[PDB]
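Chemist: Build me a model:
(one chain, ligands or ions: 2)
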Amino acid sequence: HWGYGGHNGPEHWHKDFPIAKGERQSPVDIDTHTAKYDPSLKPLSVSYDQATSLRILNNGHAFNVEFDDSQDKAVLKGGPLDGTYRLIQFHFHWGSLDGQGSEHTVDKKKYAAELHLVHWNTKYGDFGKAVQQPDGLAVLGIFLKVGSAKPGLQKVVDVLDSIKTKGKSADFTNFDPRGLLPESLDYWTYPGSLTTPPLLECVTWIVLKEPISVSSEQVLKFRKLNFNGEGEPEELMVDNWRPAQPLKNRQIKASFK
Ligand SMILES: CCNC(=O)c1ccc(S(N)(=O)=O)cc1
Ligand SMILES: [Zn+2]
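Modeler: Numbers count the residues shown, from 1 in each chain. Ligands and ions are numbered 1, 2, ... in the order given. There you are, the coordinates:
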């Protein structure tokens, strides 16, 4: 199976998922000196007031906080998007040490982690149909740096002990994802892909410029998770990030001057 180990990591994925070498793969490096301000981009509308989180799952590659997406509760609109995108899950990618972990980079800088809030375009009816479309998904990406603690992250880190290994889940209701956002919603955007197999080219990426700060203790708790299942040899869940892929024939646009 694919992973981020010594023998099944990102450089191997193309053998089962040839789109790994496609034309709109993610993540990418964001060159802040080449991305152009686009005055036609609108403010992002993040409407998370009615979000309903349900569960948190260790799926062997990350942990996903899952939401009820059976109605337009938590939605993303505006920005570069046409239409309404419903929040289905969020997860993170992170490193074995603070100097790596993000998927996107900014002028080659790697952040300690990156949060992905995954949304699907409701014009396609369900998530599985949305991932087959070039405008099916919108993923809001937020960098994490280590410094002050993020109060709104602590409920997530304190449940992690209960989902240490692959296939474990826990009830996770009433979690408010607004507590994971930075102050500013200035962003970069470009067309890309899922960053894990099947690597489908179905994503409008929206990457916030302002990182959130998390504490060393918070990220250390992500790094105590396991990729393996219960009872199997322990492999810490660290360095679950794909490195930057070729930009090819794409432009990265900035929402801000
Ligand atoms: C189809 C099963 N895979 C997913 O639904 C999926 C969602 C988001 C991302 S990411 N890392 O680009 O936000 C990758 C994969
Ligand atoms: Zn992701």
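
Chemist: Roughly how far does residue 49 sit from residue 73?
Modeler: 9 Å (CB to CB, to the nearest Å). (C-beta placed from N, C-alpha, C; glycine too.)

Chemist: Between these two, point out the one with more neighbours.
Modeler: Using other CB atoms under 10 Å, the more surrounded residue of residue 49 and residue 73 is residue 73, with 16 against 9.

Chemist: My read is that residue 53 contacts residue 73, right?
Modeler: No. In this structure residue 53 lies outside contact range of residue 73 using CB atoms under 8 Å: 10.2 Å.

Chemist: Show me whatever sits in contact with both of those two.
Modeler: residue 67 (CB atoms under 8 Å, 6 or more residues apart in numbering).

Chemist: Tell me which residue of the protein is furthest from the middle?
Modeler: Relative to the centre of the chain, the most outlying C-alpha is that of residue 231, 28.5 Å out, by CA atoms, centre = their mean.

Chemist: List the residues that contact residue 110.
Modeler: Going by CB under 8 Å, 6+ apart, the list of residues near residue 110 reads 95, 99-102.

Chemist: Would you mark the buried spots in stretch 28-41?
Modeler: Buried residues in stretch 28-41, counted by 16 or more other CB atoms under 10 Å: 28-30, 35, 41.

Chemist: what would the residues you listed look like in a markdown table with secondary structure and distance to ligand 1?
Modeler: Below are the buried residues of stretch 28-41 laid out as a markdown table (DSSP: H, G, I helix; E, B strand; the rest coil; distance: CB to the nearest ligand atom, whole Å):
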| residue | secondary structure | distance to ligand 1 |
| --- | --- | --- |
| 28 | coil | 12 |
| 29 | strand | 16 |
| 30 | strand | 15 |
| 35 | coil | 20 |
| 41 | coil | 21 |
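
Chemist: Between those, which sits nearest residue 246?
Modeler: Nearest to residue 246, judged by CB to CB, of those is residue 28 at 7.8 Å.

Chemist: mind listing what that closest one touches?
Modeler: Residue 28 neighbours (CB under 8 Å, 6+ apart): 104, 190, 192, 244-247, 250, 252.

Chemist: Wait, residue 105 touches residue 32, no?
Modeler: No. With contact defined as CB under 8 Å, residue 105 and residue 32 do not form a contacting pair (10.6 Å).

Chemist: re earlier: may I ask which two of the contacts of residue 110 are separated the most?
Modeler: Checking the contacts of residue 110 with CB to CB, the most distant pair is 99 and 102, at 10.1 Å.
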